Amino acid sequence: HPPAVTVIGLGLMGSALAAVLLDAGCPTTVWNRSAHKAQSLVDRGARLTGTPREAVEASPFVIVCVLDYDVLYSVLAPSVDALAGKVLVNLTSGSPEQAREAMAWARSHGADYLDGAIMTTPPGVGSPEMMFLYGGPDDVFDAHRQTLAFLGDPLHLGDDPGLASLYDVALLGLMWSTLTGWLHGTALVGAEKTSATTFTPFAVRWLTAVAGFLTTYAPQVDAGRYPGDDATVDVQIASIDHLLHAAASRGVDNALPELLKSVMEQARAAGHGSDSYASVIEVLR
């Protein structure tokens, strides 16, 4: 017994959301500035409207997934009178401050609001292993959980809508850091004719052990105390110089590991040479 659902925004991610809702048996209505992106969805049973307003009017449950929140206000400004009694689930990326403003704005026009963060690329939409993080009122999340569950694993962080976006940017920073370090290392072994496809399964496996380091170091970060029982900042400064040397000789730009070395040196200068790497957080605050 799924409800009628509308998706506003049919980009890479918006499309995928609409396709999953469609396959889950929802009557699916869509809108996008560029109508051509709807074509494949329409062929499969989605209704395309000419304007956002008609799309909003067509369903009690409205998802937005556009570039940013300015665009959201821009495309929905003409529909504000039609929002009353609706639920608006905003899966657009933004900052905590934008998320809290958007909730106030939606409530001012009589709509229920949840702010969400999609922790997957488009192929994983629909997979219950992929996290979707939500902030907003309990009641709204509980009433709509079953529909959200179509898209992935819906995790309600709490009543503050900014929480979703807070976790999101923190998690994205983690992702960009990992991707770039991976790419740097891949360039390095690649200069020796080791293919990325050969190296990467070792990287993937290694990330399991690295995730274990995160688990170990969490209670250290909360305590502000970083015992060097496993490996020390000083030892890590010595080994990063091997990375820098190897990369420099193979034509790989070292901005990233230079910065990481500097951050370790900063922590050492602050008295953390014999502490664990988690002590590096002392020089990020």
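Residues carry their position along the shown sequence, with the first being 1.
Higher mean CA temperature factor, per the PDB entry, when comparing 164-172 with 103-111: 103-111. If you average the C-alpha B-factors over 275-283 and over 1-9, the higher value belongs to 1-9. You'll see in the entry that, of 39, 29, 220, 32, the Cα B factor peaks at 39. When the C-alpha B-factors of 143, 125, 117, 188 are read from the PDB record, the largest value belongs to 143. Among the modelled residues of its chain, residue 252 has a C-alpha B-factor that falls in the highest third, as given in the PDB entry. Per the PDB record, residue ranking by Cα B-factor puts residue 18 in the lowest third of the chain. Among the modelled residues of the chain, residue 94 sits in the middle third by CA temperature factor in this PDB entry.
Per-chain ranking of the deposited C-alpha B factor places residue 194 in the middle third. In the PDB entry, a CA B factor belonging to the highest third of its chain's modelled residues is recorded for residue 84.
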